[PDB]
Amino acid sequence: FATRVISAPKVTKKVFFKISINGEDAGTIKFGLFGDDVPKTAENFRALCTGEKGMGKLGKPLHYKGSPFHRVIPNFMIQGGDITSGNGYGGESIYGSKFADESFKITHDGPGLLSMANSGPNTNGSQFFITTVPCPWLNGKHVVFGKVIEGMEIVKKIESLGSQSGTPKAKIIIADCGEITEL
């Protein structure tokens, strides 16, 4: 029994980041993941929020907790998820290698979409970005797998601390993260 006539992919799992900025609590971003459409990509993100897979092959916990938003470009996107080196060059998926592009069906139609960063075809790891504008030129290059469902004002606050070069003007950390079970 449908309680909303939805114009978007179905949200099948919910996760959250708690954000600190220069060590000060900046609130919670909640995400909904499109697990019916890209289950493997959604599952990778979900597990990295809980840390449940333990230690990765690169010697760091498979866990977003403590990782920074390392590139923040106003009027474009904010990018994070380097859980191994925390500088924008690292990261690891739960699958023991970088994994293939699952689907390009969901497109970068507006702000607040979760999408995988990469370094070419089939190089998904842990790095992700959140759009703050429509980015249709990224369609077919990056796998969209979720969206912000609460705390978009925190995304905008992060975005306002960015720069044209992408170097952020404050230290923005995923202070905590996990799965929303108390649903």
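Throughout, we count residues from 1 along the sequence that is shown.
Averaged over their C-alpha atoms, the temperature factors of 35-43 and 66-74 are higher for 35-43.
For the pair 103-111 and 76-84, the mean Cα B-factor is higher in 103-111. Within the listed group 146, 125, 54, 136, the record reports its top CA B-factor for 54. Compared with the other modelled residues of the chain, the Cα B-factor recorded for residue 28 ranks in the highest third. In the deposited entry, the Cα temperature factor of residue 156 sits in the bottom third of values across the chain's modelled residues. In the deposited entry, the Cα temperature factor of residue 119 sits in the middle third of values across the chain's modelled residues. In this PDB entry, residue 183 carries a Cα temperature factor that places it within the highest third of its chain's modelled residues. Annotation for residue 8: C-alpha temperature factor in the lowest third relative to the rest of the modelled chain, per the entry.
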